[PDB]
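As structure tokens, one chain now follows by itself in the form solved without 8-carbamoyl-1-benzopyran-1-ium.
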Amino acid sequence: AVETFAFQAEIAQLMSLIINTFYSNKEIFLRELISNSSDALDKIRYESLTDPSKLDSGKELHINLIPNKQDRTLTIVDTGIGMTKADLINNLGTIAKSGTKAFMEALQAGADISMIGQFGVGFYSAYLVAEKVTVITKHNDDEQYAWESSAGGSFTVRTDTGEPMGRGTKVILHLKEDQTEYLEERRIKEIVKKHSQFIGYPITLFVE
């Protein structure tokens, strides 16, 4: 059973701007997704300080980076708080309508696409390098779900019957043909060292 939904007009506008604007500094997508993982890990840690049973679904707090050259995918995994079905449908837990309005006004005044995170819509920078994005998630108060979109004005939501994850979020990037540099070990290492040096959780880069 697969459900199909339309994006709000303002969010479809944000996605078109990211895909069509000429902008060479594409590497910032990785910094934005790692920042979202760190924020989700802080939320489950705070809840555990007053209720230890919040960690019954897994005690380890970390971030894993998994490249696969055969499938042409880059996966970002975390053991954070996760998202409910309602959170996924409501723009992946963001205030995306007001965020998009502020971002567009800043660009007209002199700002650039690298400043996207200051407007709380950093997730959508994934479309600088990916043709399709799949999001697998599990929250302590709901079941495991899968969100998916290739842009074009719509997204899908279904119950996930695949491998259970315990608690957290998994972002799967199906890369564009001319963006395979983001699967090379030396390139990933360089980006993590430059932009993510003050993240307070272990970041493990897997080998092929």
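Take the two forms, find the largest set of C-alpha atoms that superpose within 1.5 Å, and that set is the rigid core. Shifts are known only where both forms have a C-alpha. Residues carry their position along the shown sequence, with the first being 1.
One more form of this protein exists, namely the form deposited with 8-carbamoyl-1-benzopyran-1-ium bound; it is left out here, but the text below deals with it.
For this chain, the superposed copy of 8-carbamoyl-1-benzopyran-1-ium, brought over from its placement in the deposited bound form, has 3 or more atoms within 2.4 Å of the backbone and C-beta atoms, so the pocket is blocked. Proximity of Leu74 to 8-carbamoyl-1-benzopyran-1-ium in the deposited bound form: non-hydrogen atoms within 4.5 Å are absent; the residue sits far from the partner. The shortest heavy atom separation between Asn36 and 8-carbamoyl-1-benzopyran-1-ium in the deposited bound form is within 4.5 Å.
Contact between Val135 and 8-carbamoyl-1-benzopyran-1-ium in the deposited bound form is found at the 4.5 Å heavy atom cutoff. Although the partner is absent here, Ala130 lies well away from 8-carbamoyl-1-benzopyran-1-ium in the deposited bound form, with no heavy atom inside 4.5 Å. Shown here without 8-carbamoyl-1-benzopyran-1-ium, the chain has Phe123, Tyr124 in 102-124 lying with a heavy atom within 4.5 Å of that partner in the deposited bound form.
Mapped along the sequence, displacements between the shown form and the other one of 2 angstroms or more at every C-alpha, sustained over at least 3 residues after core alignment, occur solely at 91-94.
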